[PDB]
file run_20.cif (mmCIF, N, CA, C and O atoms)
data_my_file
#
loop_
_atom_site.group_PDB
_atom_site.id
_atom_site.type_symbol
_atom_site.label_atom_id
_atom_site.label_comp_id
_atom_site.auth_asym_id
_atom_site.auth_seq_id
_atom_site.Cartn_x
_atom_site.Cartn_y
_atom_site.Cartn_z
ATOM 1 N N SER A 816 25.690 -22.727 -3.827
ATOM 2 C CA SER A 816 25.722 -23.214 -2.435
ATOM 3 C C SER A 816 24.447 -23.772 -1.780
ATOM 4 O O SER A 816 23.304 -23.563 -2.263
ATOM 5 N N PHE A 817 24.507 -24.549 -0.703
ATOM 6 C CA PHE A 817 23.283 -25.123 -0.044
ATOM 7 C C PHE A 817 22.324 -24.050 0.362
ATOM 8 O O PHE A 817 21.070 -24.144 0.243
ATOM 9 N N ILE A 818 22.819 -22.966 0.878
ATOM 10 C CA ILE A 818 22.017 -21.973 1.505
ATOM 11 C C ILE A 818 21.116 -21.211 0.537
ATOM 12 O O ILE A 818 20.113 -20.578 0.877
ATOM 13 N N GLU A 819 21.447 -21.152 -0.754
ATOM 14 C CA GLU A 819 20.775 -20.373 -1.708
ATOM 15 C C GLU A 819 19.286 -20.804 -1.962
ATOM 16 O O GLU A 819 18.375 -20.024 -2.093
ATOM 17 N N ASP A 820 19.026 -22.114 -1.884
ATOM 18 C CA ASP A 820 17.735 -22.596 -2.004
ATOM 19 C C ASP A 820 16.809 -22.306 -0.844
ATOM 20 O O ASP A 820 15.667 -21.885 -0.998
ATOM 21 N N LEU A 821 17.338 -22.408 0.395
ATOM 22 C CA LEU A 821 16.606 -22.068 1.558
ATOM 23 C C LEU A 821 16.207 -20.654 1.705
ATOM 24 O O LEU A 821 15.058 -20.307 2.063
ATOM 25 N N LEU A 822 17.123 -19.780 1.243
ATOM 26 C CA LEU A 822 16.858 -18.340 1.002
ATOM 27 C C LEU A 822 15.706 -18.087 -0.030
ATOM 28 O O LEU A 822 14.746 -17.392 0.341
ATOM 29 N N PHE A 823 15.810 -18.651 -1.248
ATOM 30 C CA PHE A 823 14.723 -18.601 -2.176
ATOM 31 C C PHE A 823 13.376 -19.036 -1.715
ATOM 32 O O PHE A 823 12.385 -18.302 -1.898
ATOM 33 N N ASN A 824 13.292 -20.171 -0.951
ATOM 34 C CA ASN A 824 12.079 -20.743 -0.387
ATOM 35 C C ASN A 824 11.434 -19.841 0.680
ATOM 36 O O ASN A 824 10.191 -19.896 0.703
ATOM 37 N N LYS A 825 12.204 -18.912 1.286
ATOM 38 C CA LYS A 825 11.608 -17.948 2.180
ATOM 39 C C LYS A 825 10.960 -16.777 1.441
ATOM 40 O O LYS A 825 9.813 -16.464 1.707
ATOM 41 N N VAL A 826 11.622 -16.217 0.424
ATOM 42 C CA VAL A 826 11.192 -15.022 -0.239
ATOM 43 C C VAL A 826 10.295 -15.361 -1.424
ATOM 44 O O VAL A 826 10.020 -14.552 -2.315
ATOM 45 N N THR A 827 9.785 -16.603 -1.497
ATOM 46 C CA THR A 827 9.125 -17.131 -2.699
ATOM 47 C C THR A 827 7.913 -16.323 -3.284
ATOM 48 O O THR A 827 7.679 -16.174 -4.498
ATOM 49 N N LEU A 828 7.153 -15.711 -2.400
ATOM 50 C CA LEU A 828 6.069 -14.789 -2.764
ATOM 51 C C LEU A 828 6.299 -13.429 -2.135
ATOM 52 O O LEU A 828 5.602 -12.435 -2.451
ATOM 53 N N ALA A 829 7.380 -13.179 -1.327
ATOM 54 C CA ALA A 829 7.741 -11.966 -0.603
ATOM 55 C C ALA A 829 8.784 -11.172 -1.322
ATOM 56 O O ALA A 829 8.730 -9.976 -1.127
ATOM 57 N N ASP A 830 9.597 -11.780 -2.192
ATOM 58 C CA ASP A 830 10.619 -11.104 -2.992
ATOM 59 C C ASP A 830 11.759 -10.428 -2.282
ATOM 60 O O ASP A 830 11.574 -9.491 -1.445
ATOM 61 N N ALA A 831 12.950 -10.872 -2.574
ATOM 62 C CA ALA A 831 14.213 -10.469 -2.011
ATOM 63 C C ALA A 831 14.621 -9.017 -2.339
ATOM 64 O O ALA A 831 15.158 -8.196 -1.515
ATOM 65 N N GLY A 832 14.213 -8.475 -3.545
ATOM 66 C CA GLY A 832 14.464 -7.145 -3.895
ATOM 67 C C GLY A 832 13.645 -6.157 -3.112
ATOM 68 O O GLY A 832 14.126 -5.049 -2.844
ATOM 69 N N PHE A 833 12.407 -6.535 -2.703
ATOM 70 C CA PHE A 833 11.615 -5.772 -1.712
ATOM 71 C C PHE A 833 12.224 -5.873 -0.350
ATOM 72 O O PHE A 833 12.348 -4.918 0.418
ATOM 73 N N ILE A 834 12.607 -7.127 0.109
ATOM 74 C CA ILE A 834 13.134 -7.296 1.461
ATOM 75 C C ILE A 834 14.404 -6.516 1.709
ATOM 76 O O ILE A 834 14.642 -6.078 2.829
ATOM 77 N N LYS A 835 15.226 -6.223 0.689
ATOM 78 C CA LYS A 835 16.434 -5.443 0.723
ATOM 79 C C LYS A 835 16.280 -4.032 1.228
ATOM 80 O O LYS A 835 17.159 -3.524 1.978
ATOM 81 N N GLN A 836 15.153 -3.378 0.794
ATOM 82 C CA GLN A 836 14.712 -2.078 1.228
ATOM 83 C C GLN A 836 13.963 -2.282 2.560
ATOM 84 O O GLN A 836 14.105 -1.436 3.424
ATOM 85 N N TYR A 837 13.097 -3.306 2.745
ATOM 86 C CA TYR A 837 12.109 -3.234 3.817
ATOM 87 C C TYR A 837 12.556 -3.877 5.059
ATOM 88 O O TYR A 837 11.939 -3.692 6.109
ATOM 89 N N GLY A 838 13.782 -4.512 4.973
ATOM 90 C CA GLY A 838 14.407 -5.133 6.131
ATOM 91 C C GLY A 838 15.718 -4.394 6.482
ATOM 92 O O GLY A 838 16.735 -4.526 5.809
ATOM 93 N N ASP A 839 15.741 -3.698 7.626
ATOM 94 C CA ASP A 839 16.870 -2.806 8.095
ATOM 95 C C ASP A 839 17.903 -3.610 8.905
ATOM 96 O O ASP A 839 18.992 -3.152 9.287
ATOM 97 N N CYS A 840 17.561 -4.857 9.173
ATOM 98 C CA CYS A 840 18.335 -5.804 9.853
ATOM 99 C C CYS A 840 18.567 -5.693 11.309
ATOM 100 O O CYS A 840 19.644 -5.992 11.862
ATOM 101 N N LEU A 841 17.452 -5.460 12.020
ATOM 102 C CA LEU A 841 17.232 -5.432 13.430
ATOM 103 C C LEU A 841 17.373 -6.815 14.025
ATOM 104 O O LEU A 841 18.017 -6.959 15.078
ATOM 105 N N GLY A 842 16.830 -7.808 13.358
ATOM 106 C CA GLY A 842 16.998 -9.205 13.809
ATOM 107 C C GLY A 842 15.928 -9.687 14.790
ATOM 108 O O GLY A 842 15.876 -10.907 15.174
ATOM 109 N N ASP A 843 14.931 -8.822 15.156
ATOM 110 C CA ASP A 843 13.722 -9.322 15.845
ATOM 111 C C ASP A 843 12.888 -10.221 14.827
ATOM 112 O O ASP A 843 12.430 -11.369 15.107
ATOM 113 N N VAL A 844 12.589 -9.672 13.596
ATOM 114 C CA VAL A 844 12.111 -10.566 12.550
ATOM 115 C C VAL A 844 13.340 -11.387 11.963
ATOM 116 O O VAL A 844 13.922 -11.169 10.871
ATOM 117 N N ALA A 845 13.753 -12.459 12.734
ATOM 118 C CA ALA A 845 14.811 -13.386 12.449
ATOM 119 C C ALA A 845 14.611 -14.069 11.171
ATOM 120 O O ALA A 845 15.540 -14.263 10.343
ATOM 121 N N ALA A 846 13.341 -14.272 10.770
ATOM 122 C CA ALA A 846 13.023 -14.916 9.436
ATOM 123 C C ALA A 846 13.460 -14.113 8.180
ATOM 124 O O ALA A 846 13.870 -14.686 7.179
ATOM 125 N N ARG A 847 13.367 -12.816 8.339
ATOM 126 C CA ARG A 847 13.500 -11.816 7.265
ATOM 127 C C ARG A 847 14.826 -11.243 7.305
ATOM 128 O O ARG A 847 15.122 -10.390 6.479
ATOM 129 N N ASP A 848 15.711 -11.690 8.230
ATOM 130 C CA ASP A 848 17.071 -11.218 8.395
ATOM 131 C C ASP A 848 17.983 -12.057 7.496
ATOM 132 O O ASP A 848 19.191 -11.868 7.442
ATOM 133 N N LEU A 849 17.417 -12.884 6.662
ATOM 134 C CA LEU A 849 18.152 -13.715 5.757
ATOM 135 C C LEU A 849 18.965 -12.941 4.666
ATOM 136 O O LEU A 849 19.911 -13.441 4.109
ATOM 137 N N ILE A 850 18.547 -11.694 4.400
ATOM 138 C CA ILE A 850 19.358 -10.812 3.566
ATOM 139 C C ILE A 850 20.610 -10.268 4.259
ATOM 140 O O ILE A 850 21.438 -9.696 3.614
ATOM 141 N N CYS A 851 20.770 -10.473 5.579
ATOM 142 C CA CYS A 851 21.931 -9.949 6.277
ATOM 143 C C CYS A 851 22.685 -11.125 6.998
ATOM 144 O O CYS A 851 23.900 -11.150 6.946
ATOM 145 N N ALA A 852 21.937 -12.146 7.505
ATOM 146 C CA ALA A 852 22.478 -13.386 7.939
ATOM 147 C C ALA A 852 23.427 -14.082 6.868
ATOM 148 O O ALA A 852 24.455 -14.548 7.273
ATOM 149 N N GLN A 853 23.030 -14.126 5.557
ATOM 150 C CA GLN A 853 23.878 -14.697 4.506
ATOM 151 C C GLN A 853 24.403 -13.581 3.594
ATOM 152 O O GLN A 853 24.923 -13.766 2.488
ATOM 153 N N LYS A 854 24.331 -12.347 4.146
ATOM 154 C CA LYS A 854 24.697 -11.127 3.478
ATOM 155 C C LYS A 854 24.222 -10.881 2.029
ATOM 156 O O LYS A 854 25.061 -10.568 1.148
ATOM 157 N N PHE A 855 22.952 -11.127 1.687
ATOM 158 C CA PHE A 855 22.364 -11.079 0.357
ATOM 159 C C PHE A 855 22.974 -12.031 -0.626
ATOM 160 O O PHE A 855 23.231 -11.728 -1.759
ATOM 161 N N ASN A 856 23.136 -13.252 -0.154
ATOM 162 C CA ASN A 856 23.788 -14.377 -0.843
ATOM 163 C C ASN A 856 25.148 -14.126 -1.493
ATOM 164 O O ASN A 856 25.527 -14.653 -2.563
ATOM 165 N N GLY A 857 25.974 -13.317 -0.885
ATOM 166 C CA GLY A 857 27.337 -13.047 -1.460
ATOM 167 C C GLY A 857 28.305 -12.404 -0.444
ATOM 168 O O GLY A 857 28.049 -12.049 0.716
#
call {"tool": "encode", "arguments": {"input": "run_20.cif", "output": "structure tokens"}}
result
Amino acid sequence: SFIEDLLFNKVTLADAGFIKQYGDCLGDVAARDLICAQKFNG
């Protein structure tokens, strides 16, 4: 899908497997809410 690349380009040096634990999905850090906005790409 289109969205998968934009997701990758955010976590490029931050890593999505770290963000899964370190982002509780408050949504103040709107940038890092991409694991819950696109529901972890699935």
call {"tool": "resolve_selection", "arguments": {"input": "run_20.cif", "expression": "the PyMOL selection byres (((chain A and resi 849 and name CA) around 10) and name CA)", "output": "count of residues only"}}
result
23
call {"tool": "select_by_dssp", "arguments": {"input": "run_20.cif", "residues": "chain A", "states": "helix (DSSP H, G or I)", "output": "VMD selection string"}}
result
chain A and resid 818 to 825 831 to 837 845 to 847 849 to 852
call {"tool": "atom_distance", "arguments": {"input": "run_20.cif", "atom1": "atom CA of residue 818 of chain A", "atom2": "atom N of residue 857 of chain A"}}
result
9.8 Å
call {"tool": "atom_distance", "arguments": {"input": "run_20.cif", "atom1": "atom N of residue 832 of chain A", "atom2": "atom N of residue 819 of chain A"}}
result
14.9 Å
call {"tool": "axis_aligned_box", "arguments": {"input": "run_20.cif", "around": "segment 824-838 of chain A", "padding_each_side": "5 Å", "output": "JSON"}}
result
{"center_x": 11.4, "center_y": -11.1, "center_z": 1.0, "size_x": 21.6, "size_y": 29.3, "size_z": 21.0}
